[PDB]
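The figures that follow rest on heavy atoms only: side chains count, while hydrogens, waters and symmetry mates do not. Letters go in sequence order (proteins before strands), and every chain restarts at 1.
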Amino acid sequence: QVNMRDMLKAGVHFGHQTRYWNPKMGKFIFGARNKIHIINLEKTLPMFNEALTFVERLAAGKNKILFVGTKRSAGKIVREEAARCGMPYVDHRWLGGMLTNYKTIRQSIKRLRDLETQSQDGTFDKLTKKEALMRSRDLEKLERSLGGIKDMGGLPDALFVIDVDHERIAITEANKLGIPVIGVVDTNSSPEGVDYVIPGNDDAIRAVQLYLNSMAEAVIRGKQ
RNA sequence: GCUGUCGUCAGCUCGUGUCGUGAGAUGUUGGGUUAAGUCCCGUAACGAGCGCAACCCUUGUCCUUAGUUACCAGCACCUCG
C-alpha cells in the first residue's frame with residue numbers, strides 16, 4: 001500500500017524543535033538532529049496501516065468520518081480529499097460544539113441548506129436592495145464553517161485530525177461522545193485524547209497529502 | 001391601572017454546549033468601526049429574545065389624478081375687484 005521510501009520523500013520524519021517536544025513522544029522519537037526531533041519510522045508504518053485497516057472496516061459498514069484540518073497549510077488539501085471520497089469535512093475552524101451541541105448545529109445546517117434552495121428558486125431577485133448581506137454575509141459565511149458537514153447526517157463514527165494540539169477542541173468533543181479518533185501527531189503533540197495514533201509531520205504540505213491520499217483510498221476501497 | 005426618574009443610557013438576558021466541587025464564568029471578551037451589543041475579523045462557543053436600527057407621522061424635490069369655495073399662464077369682457 002504505502003512504502004517507507006515514500007514517507008521520507010514527504011518529510012514525515014521531520015518534526016519540531018527539541019524545546020517544544022512532548023515527553024510522551026519519547027516512544028515515537030528515533031532521535032534528534034540539528035535541534036530538530038525526528039520521528040521513528042519502523043514504528044510509524046505498522047501503526048499506519050492499522051489506521052488504514054480500521055477505516056477499511058467502517059467504510060464497508062457505511063460509516064461517516066470527519067475530515068478536520070484547520071491549518072492554513074493543509075486547508076485546501078483536506079477539502080479536496082474529502083470530496084473525492086464524498087465525505088464530510090471542516091477546514092476553516094472547529095466551531096464550538098458541532099458534536100456535543102449538534103442540535104443547534106442542525107438548526108444552522110437547516111438555515112444553510114434551505115438557503116441554497118432560495119438561491120436555486122430565484123427568491124433572491126424578490127428582495128433586490130439590501131440583499132448583499134444574504135448573498136455574501138449569509139451564504140458565503142455558512143458555506144465556510146458548515147460547508148463540508150452539510151449532508152453529514154448523524155454523529156461521527158470516527159474522527160480524522162491534523163495537529164491534534166491545534167485541533168484539540170475536536171478531541172475533547174469526540175472523546176466525550178466516545179467517537180474514535182485518528183490524528184497525526186507531531187513531536188510536540190499530546191496523544192492522550194486520540195485512540196489510533198500515527199506519528200509524523202503534521203504541518204508540512206507533502207506530509208498531509210500522503211496521509212489524506214492514503215486515508216481517502218482506504219475509504220473508496222470500502223464503499224463496495 | 002396609570003405616571004416621574006436613572007435614560008432614548010446602551011445595554012439586559014435566555015436555550016443548548018463547555019469550564020469550575022461551587023457561587024458562577026463563556027457567549028456579552030479581544031482587534032477595528034458606529035449615534036448604537038451597528039457591523040466586520042478573530043474567538044468554546046453556537047444561536048435566540050427584549051433593546052439599537054428600520055417599519056410610523058411631519059417636513060425638504062419631482063411625477064400621476066383632481067380643480068371648488070382654491071388658482072390666474074394665454075385670451076377676451078370689465079366699475080379696474
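- Contacts of A/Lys223 classified as side chain to side chain contact (heavy atoms under 4.5 Å, CB included), with partners at least two apart in sequence or in another chain: A/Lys62, A/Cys85, A/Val219, A/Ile220.
- In this structure, A/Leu127 atom CG and B/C55 atom P are separated by 16 Å, rounded to whole Å.
- Sugar pucker of B/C50: north, since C1'-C2'-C3'-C4' comes out positive.
- Here B/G11 sits opposite B/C50 as a true base pair, Watson-Crick or G-U wobble, both distances under 3.5 Å.
- Across the protein-nucleic acid pair, A/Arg106 atom CZ and B/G17 atom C1' stand 14 Å apart, rounded to whole Å.
- For B/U5, the ring torsion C1'-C2'-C3'-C4' comes out positive, which puts the sugar in the north group.
- Stacking holds between B/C75 and B/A76 under the rule that six-membered ring centres lie under 5.5 Å apart and planes differ by under 30°.
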I'd like to know whether A/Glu116 forms a side-chain contact (heavy atoms from CB on, under 4.5 Å) with A/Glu143, so could you lay out the CA-CA distance, the side-chain angles of the two residues, the decisive distance to 0.1 Å, and finally the verdict.
CA-CA 10 Å; A/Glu116 316 319 310; A/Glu143 322 307 333; 3.0 Å; yes
What protein N or O atoms touch nucleotides 44-51 of chain B N or O atoms at under 3.5 angstrom, if any, and at what distances?
unit_1 : atom_1 : unit_2  : atom_2 : d
B/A44  : OP2    : A/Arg93 : NH1    : 3.4
B/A45  : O2'    : A/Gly96 : N      : 3.2

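- Here B/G30 is not matched with B/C14 as a Watson-Crick or G-U wobble partner, both contacts being required under 3.5 Å.
- The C1'-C2'-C3'-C4' torsion of B/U8 is negative, so its sugar falls on the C2'-endo, or south, side.
- Protein atom NE2 of A/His92 is 12 Å distant from nucleotide atom P of B/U43, rounded to whole Å.
- Residues that satisfy the side-chain hydrogen bond (donor to acceptor under 3.5 Å, both in side chains) test with A/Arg111, not counting sequence neighbours, are A/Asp138.
- Judged on ring centres (limit 5.5 Å) and ring planes (limit 30°), B/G15 and B/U16 form a stacked step.
- Residues passing the salt bridge (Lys or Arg N to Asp or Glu O under 4.0 Å) test with A/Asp114: none are found, sequence neighbours excluded.
- Annotated as not stacked: the bases of B/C55 and B/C56, by the 5.5 Å centre and 30° plane rule.
- Judged on ring centres (limit 5.5 Å) and ring planes (limit 30°), B/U65 and B/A66 form a stacked step.
- Remark: B/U28 and B/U29 are not stacked on each other (six-membered ring centres under 5.5 Å, interplanar angle under 30° not both met).
- The furanose ring of B/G37 falls on the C2'-endo (south) side of the pseudorotation cycle, as its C1'-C2'-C3'-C4' torsion is below zero.
- Of the nucleotides present, B/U18 is the one that pairs with B/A25 by Watson-Crick or G-U wobble criteria, both distances under 3.5 Å.
- Note on residues 156-174 of chain A: pairs passing salt bridge (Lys or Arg N to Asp or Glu O under 4.0 Å), not counting sequence neighbours, are A/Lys71-A/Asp163, A/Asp165-A/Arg168.
- A negative value of the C1'-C2'-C3'-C4' torsion places the sugar of B/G67 in the south (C2'-endo) family.
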For residues 32-42 of chain A, tabulate all N or O donor-acceptor pairs below 3.5 Å that involve a side-chain atom, not counting sequence neighbours.
unit_1  : atom_1 : unit_2  : atom_2 : d
A/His37 : ND1    : A/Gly31 : O      : 3.2
A/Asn40 : OD1    : A/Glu42 : N      : 2.6
A/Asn40 : OD1    : A/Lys43 : N      : 2.6

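- Salt-bridge formation is not detected for the pair A/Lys76/A/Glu80: no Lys NZ or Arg NE/NH1/NH2 atom is positioned less than 4.0 Å from an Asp or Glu carboxylate oxygen.
- Atom-to-atom, CZ of A/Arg168 to P of B/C19 comes out at 14 Å; the value is rounded to the nearest Å.
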